[PDB]
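Q: My sequence and its experimental structure, below.
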Amino acid sequence: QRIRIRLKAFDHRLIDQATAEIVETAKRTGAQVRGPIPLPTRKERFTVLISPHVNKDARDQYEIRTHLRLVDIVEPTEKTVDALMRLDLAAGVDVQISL
Amino acid sequence: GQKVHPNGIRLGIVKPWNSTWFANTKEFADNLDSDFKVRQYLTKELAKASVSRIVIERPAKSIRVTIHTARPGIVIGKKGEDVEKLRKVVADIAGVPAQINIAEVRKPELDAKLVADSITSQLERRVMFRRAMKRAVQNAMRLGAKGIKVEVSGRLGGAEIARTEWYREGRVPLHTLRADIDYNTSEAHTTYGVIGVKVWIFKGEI
Amino acid sequence: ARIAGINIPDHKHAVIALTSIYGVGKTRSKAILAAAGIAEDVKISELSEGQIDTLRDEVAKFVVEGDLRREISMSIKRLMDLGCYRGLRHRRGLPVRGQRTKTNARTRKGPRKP
Amino acid sequence: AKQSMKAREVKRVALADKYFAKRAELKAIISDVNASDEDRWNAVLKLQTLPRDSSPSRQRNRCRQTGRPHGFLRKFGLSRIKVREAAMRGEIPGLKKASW
Amino acid sequence: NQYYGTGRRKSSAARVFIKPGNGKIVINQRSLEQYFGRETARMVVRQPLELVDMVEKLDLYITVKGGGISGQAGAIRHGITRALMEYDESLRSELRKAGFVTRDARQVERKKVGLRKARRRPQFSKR
Amino acid sequence: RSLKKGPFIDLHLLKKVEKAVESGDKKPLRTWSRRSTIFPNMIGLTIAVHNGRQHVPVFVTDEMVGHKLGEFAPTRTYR
Amino acid sequence: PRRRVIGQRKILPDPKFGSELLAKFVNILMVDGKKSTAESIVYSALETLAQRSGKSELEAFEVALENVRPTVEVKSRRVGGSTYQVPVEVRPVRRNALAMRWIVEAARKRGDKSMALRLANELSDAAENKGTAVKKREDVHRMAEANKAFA
RNA sequence: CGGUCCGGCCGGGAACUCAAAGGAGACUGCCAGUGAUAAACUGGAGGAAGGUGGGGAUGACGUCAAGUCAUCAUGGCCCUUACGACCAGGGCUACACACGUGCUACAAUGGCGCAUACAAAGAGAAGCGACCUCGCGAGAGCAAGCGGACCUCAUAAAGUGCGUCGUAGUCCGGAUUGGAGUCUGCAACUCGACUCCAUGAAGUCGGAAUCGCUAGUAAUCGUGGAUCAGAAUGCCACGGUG
Ligand SMILES: [Mg+2]
Ligand SMILES: [Mg+2]
Ligand SMILES: [Mg+2]
Ligand SMILES: [Mg+2]
Ligand SMILES: [Mg+2]
Ligand SMILES: [Mg+2]
Ligand SMILES: [Mg+2]
């Protein structure tokens, strides 16, 4: 049918570099490759008080950017499935396989 | 006034994270406490083993601890004698299986955490604070540091009125995000209280 | 015009004229005109004696004016003789519903004196 | 926080998964079924006999290192001070100072 | 082929398509009058069709998402002008003078910590 | 105030009310249960309701039914 | 305004008659950033004013504005502990802005049924120079001619 | 473009809106005036943007023995069958007052009823919870989808159209209290939030004095979040008109 890969990572120059590996490995071993589709980034913001006691206006503002990548591989060739399965990707990148 | 953490402000610019793993809101809290609990064990155990930095990444359902050390021989031991006993209890603390990597710290006099811990261990031996600071500055500058700053706060030499004293040599541009500023802390637990050591090492721009 | 509790409703619209009775607000006034088959946007002019008595019979169903006044007063006095927290507060002229007394309690307390 | 206050929380977690996770939930859903038993249940009475600390609502979220009951953040399991300390050392992944 | 021009103001985004003949205006499958209940918002979209003449000369199929009344009306005004330069390019001089080519970069300022709003500071007390 | 699905009463106090009916009226019933709803099977009894320091004895009347036991035991001293 | 020497923001003309002066007037009346309801009050007042004064909607505004427009005003200045009122000639731009501001403020202080009625009857009072707004130009005049020595 | 249940809904199209990675662009660079031919300023051209274009982060040496031993850590001191520890009930919510910060008002630039156009940014499995059904309602029962540009919270409100009230302590304003309930939670008396019915305080624009804000700002109008079983007029954040 189709193999849907959803990639999540906190670093952008790590998600599209690990995505580049999946897209190149699949198009080389002969498979129809849709994407890399850049889905919206989920920005979780956090505001904390900077002082141990009192001083309400003094604060620290942080965010965690959750980058989203969608790689759709149309042709599930045995030469492509086995090549993608035995691929060494960045430890900080989460991969979701959707059948 | 109050200064921004030199390491914190440079994260993503020129400085890397000490925790590179990904987790959802679900296990993020549990992973962060496990990270603290593994760092706590190793810092206590390898205290004399000159540990400068600990990097924790989580590949799937595993833990990959990278111990940056100026003394890898004492960390590794007799043909992996000490690495095996550490990995065995890191796997117990984390729950998931453990893998320990050992990164060598070449010039430790250029590592902020190792300079800070050196000044701290010296203050506890009853060494003169000015001598400990001057030696830290001199050693870093002769080994190629573009600049260095060393601060010592609280009851210096056992004095009743606490003082904040600092030595600076070279260039220390704290406002340049492009600037490679390695910053770290250490606390000297003396017979007359706690002495805080803050070290800044400028290594060049980009 | 004269409905139930002696009061003389003005020559204003039907829904607001009926609110003049103690015991009939916006909801009761709307329900009274719907059950009697009278429009809400019609004045007291044209509303003949045949339309007034049918509203009087409709409003007679719920406790209004003096009959309601003594009913509310009896429930306040019941709490008071009971010796409960609620009754001790109606007796001390302070907020019953739990509101703060450190500041702002001027409706129940009355105007301040030095 | 105090060692005893930290200990009080461990007891509140241990009792929460023992009862109000597999037993007290069964008698609370039972005290809600309109179709069965409208007067003779005793489930509201037998919920009282169970330990007080067994209720999950009785548990307080505290800083996992210091024990601080205030300024807690569920995302990190820490208080604002210990969140900042770990954040500045790069110990919180993907977290940095934000501007927009 | 359709003459296209993108237009935006605030959080609004408008797409403008130009085809000659008639004086028709269709916004999100609705009429110009049906979409905007204000005549001031109706006149700003008529503005690019004043300096550059049109009574029944060219039709416009327009679609706008985001923002509000003046945001959407302001976005279309910028789009028509960009679709008008797509058709001629010699119309730039007349469009600059009126100030329709310029994208209004004025966005709502962020709420700041310790402040009631973006700039509104909480009331000061000396004692 | 509460959901009509069963009024609340403590089991330890409920058993004390049952023991006082069959064995006959005794001295004030020492109870800390201020949260319990007054039932008709309490009318006539003397329930010593805590206020934080002392046990205030309250003679239960027909009108007290439905109300809480802590309504008849003032917690704060104001003079 | 200590070092920085700024100009003035050029506002878009009136959507009805293309007047920049009326656009200043609608904005002066405008409250809570409600322009839609602000021009609705100005146009309804102009529609009831021109009809009840013999057409010329722009000219009927100008007749009422010519009477409220001040020539001279006092400027508060503290030289040697004492506060002296120095009479200064007002510029043509501010001459109109003060005239419009006093019309809106005097109509707001009226007791009529609506703001459109309050504004129309204030513009009618100003055209014949017998209202609260013309008295504000009168009080400003008596203040200037008094301190004429410190000019 | 082909097909219509007239819904991008389905083949499709990669144009456009948008999403997010990389890149270009603005430097007083050009022209003119002022200015010691300098720095610079002012005006103009081109340009989406013009003189640090807008906003943020970034806070030097130091000052106040300024704040925090109750986040944590720690020298010294003090308690150690008690200053430790467990439990139930109470208190932190008291109320002659005074001050500081806020919310809601005193109304027709407004109240109410019906109809109706246009956002942005967030949150979510011990969770967000549709549709359907029951209740005036808060809610309840039943039960899809969704770890989410897909599903859900969630109808944006100001505004606009029509009708009504007609300067009245009022169809303004909602305090206070009475009666009945809903939900969360072992448990809502002290001391929860919300609903229904009834009640309808003060207040008709605030003395002396005083505060914020220079532009998408003020003013006003809604929206979301953290904490959180439940408990926002506070705080943090978001766009609309302006
Ligand atoms: Mg009434
Ligand atoms: Mg401790
Ligand atoms: Mg709690
Ligand atoms: Mg870019
Ligand atoms: Mg700078
Ligand atoms: Mg009302
Ligand atoms: Mg300024």
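A: Sure, I can see it. Numbering: from 1, shown residues only, chains lettered A, B, ... in the order given. Ligands and ions are numbered 1, 2, ... in the order given.
Q: Residue B:192 and residue B:162 touch, don't they?
A: No: between residue B:192 and residue B:162 there is no contact under CB atoms under 8 Å: 9.6 Å. Every C-beta, even on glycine, is put in place using the N, C-alpha and C of the backbone.
Q: Which neighbours do these two have in common?
A: Common neighbours of residue B:192 and residue B:162, using CB atoms under 8 Å, 6 or more residues apart in numbering or on different chains, are residue B:155.
Q: Around RNA strand H, pick out the residues from chain G.
A: For chain G, the contact set with RNA strand H under CB under 7 Å from any atom of the strand comprises G:1, G:5, G:7, G:9, G:27, G:29-38, G:40-41, G:104, G:108, G:111-116, G:118.
Q: any idea which helix or strand carries the residue in chain E positioned nearest to chain G?
A: Across chain E, the shortest distance to chain G (CB to the nearest CB) belongs to residue E:40, at 4.4 Å. Per DSSP states H and E: residue E:40 is located in helix E:39-46.
Q: Check which element follows that helix along the chain.
A: Counting by DSSP H and E, what follows helix E:39-46 is helix E:48-51.
Q: Tabulate the CA atom coordinates of that next one in PDB.
A: C-alpha atoms of helix E:48-51 as PDB (Å, rounded to 0.1, in the frame of the first residue of the first chain):
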ATOM      1  CA  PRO E  48      -7.000  50.500  -6.900                       C
ATOM      2  CA  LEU E  49      -9.800  50.800  -9.500                       C
ATOM      3  CA  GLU E  50      -9.800  54.700  -9.400                       C
ATOM      4  CA  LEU E  51      -6.200  55.700 -10.500                       C
END
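Q: Is that helix positioned near chain G?
A: No: using CB under 8 Å from any CB of the partner chain, helix E:48-51 never reaches chain G; the gap is at least 11.4 Å.
Q: helices and strands around whichever helix or strand comes after that helix, which ones?
A: Downstream of helix E:48-51, the next assigned helix or strand under DSSP H and E is strand E:58-65. Using 3 or more CB pairs under 8 Å, 6 or more residues apart in numbering or on different chains; DSSP states H and E, the elements in contact with strand E:58-65 are strand E:12-20, strand E:25-27, helix E:69-87.
Q: Let me have the ones you listed in a markdown table, adding mean neighbour count as columns.
A: Converted to a markdown table, the helices and strands packed on strand E:58-65 look like this (neighbours: other CB atoms under 10 Å in any protein chain shown):
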| stretch | mean neighbour count |
| --- | --- |
| strand E:12-20 | 19 |
| strand E:25-27 | 19 |
| helix E:69-87 | 23 |
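Q: TSV please, covering those and showing distance to residue C:31.
A: As requested, the helices and strands packed on strand E:58-65 are arranged in TSV below (distance: least, CB to CB, whole Å):
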stretch	distance to residue C:31
strand E:12-20	47
strand E:25-27	45
helix E:69-87	40
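Q: Contacts for the longest helix seen in chain C next, please.
A: For chain C, the helix with the greatest residue count under DSSP state H is helix C:66-82. Around helix C:66-82, the neighbours that count as contacts under CB under 8 Å, 6+ apart are C:5, C:22-23, C:63, C:86-87, C:90-91, F:61, F:63-64, F:67, F:72.
Q: Weed out the non-buried ones from the residues you listed.
A: C:5, C:22-23, C:86-87, C:90, F:64, F:67, F:72 (16 or more other CB atoms under 10 Å in any protein chain shown).
Q: and which of the residues you listed is nearest to residue G:17?
A: Comparing those against residue G:17 with CB to CB places residue C:22 closest, at 55.4 Å.
Q: Please enumerate the strands of chain F.
A: In chain F, the segments counted as strands under DSSP state E are F:29-31, F:46-50, F:55-59.
Q: Kindly report the residues of chain F close to chain C.
A: Proximity of chain F to chain C, by CB under 8 Å from any CB, involves residues F:58, F:61, F:63-64, F:67, F:70-72, F:74.
Q: Quick check: the farthest pair among those?
A: Of all pairs drawn from these, the greatest distance, 18.5 Å, lies between F:63 and F:74 (CB to CB).
Q: related to what we said a few turns ago, if we compare the strands of chain F, which one ends up closest to chain E?
A: strand F:46-50 (43.8 Å).
Q: Can you tell me how far residue A:79 is from residue F:68?
A: Computed as CB to CB, to the nearest Å, the residue A:79 to residue F:68 distance reads 76 Å.
Q: ok, now residue A:54?
A: In terms of CB to CB, residue A:54 sits 40 Å off from residue F:68.
Q: Report the distance from stretch G:119-134 to the chain centre.
A: Between the mean C-alpha point of stretch G:119-134 and the mean C-alpha point of its chain there is a distance of 11 Å (CA atoms, centre = their mean, to the nearest Å).
Q: Contacts only, for residue 40.
A: Picking chain A for this. Residues counted as contacts of residue A:40 (CB under 8 Å, 6+ apart) are residue A:68.
Q: my question was about chain F
A: The contact partners of residue F:40, by CB under 8 Å, 6+ apart, come to F:62, F:65.
Q: What count of nearby residues applies to the residue in chain C that chain D sits nearest to?
A: The nearest approach of chain C to chain D comes at residue C:98, 21.7 Å away (CB to the nearest CB). Using other CB atoms under 10 Å in any protein chain shown, the number of residues around residue C:98 comes to 7.
Q: circling back to that earlier point, which one of the strands of chain F lies nearest to residue E:7?
A: Here strand F:46-50 is closest among the strands of chain F (CB to CB), at 73.4 Å.
Q: Now do the strands in chain B.
A: Assignment of strands within chain B using DSSP E yields the ranges B:51-57, B:63-69, B:98-104, B:147-153, B:164-170, B:181-190, B:193-202.
Q: Indicate which one of those is closest to chain F.
A: Taking CB to the nearest CB, strand B:193-202 is the member of these nearest to chain F, at 43.4 Å.
Q: The closest one close to RNA strand H?
A: Yes: under the criterion of CB under 7 Å from any atom of the strand, RNA strand H is reached by strand B:193-202 at B:193-194.
Q: Looks like residue F:56 contacts residue F:75 (just checking).
A: No: between residue F:56 and residue F:75 there is no contact under CB under 8 Å: 9.8 Å.
Q: And the residue of chain B that's closest to chain F?
A: The nearest approach of chain B to chain F comes at residue B:25, 32.5 Å away (CB to the nearest CB).
Q: ok, that residue touching residue D:75?
A: Yes: Residue B:25 is in contact with residue D:75 according to CB under 8 Å; the separation is 5.9 Å.
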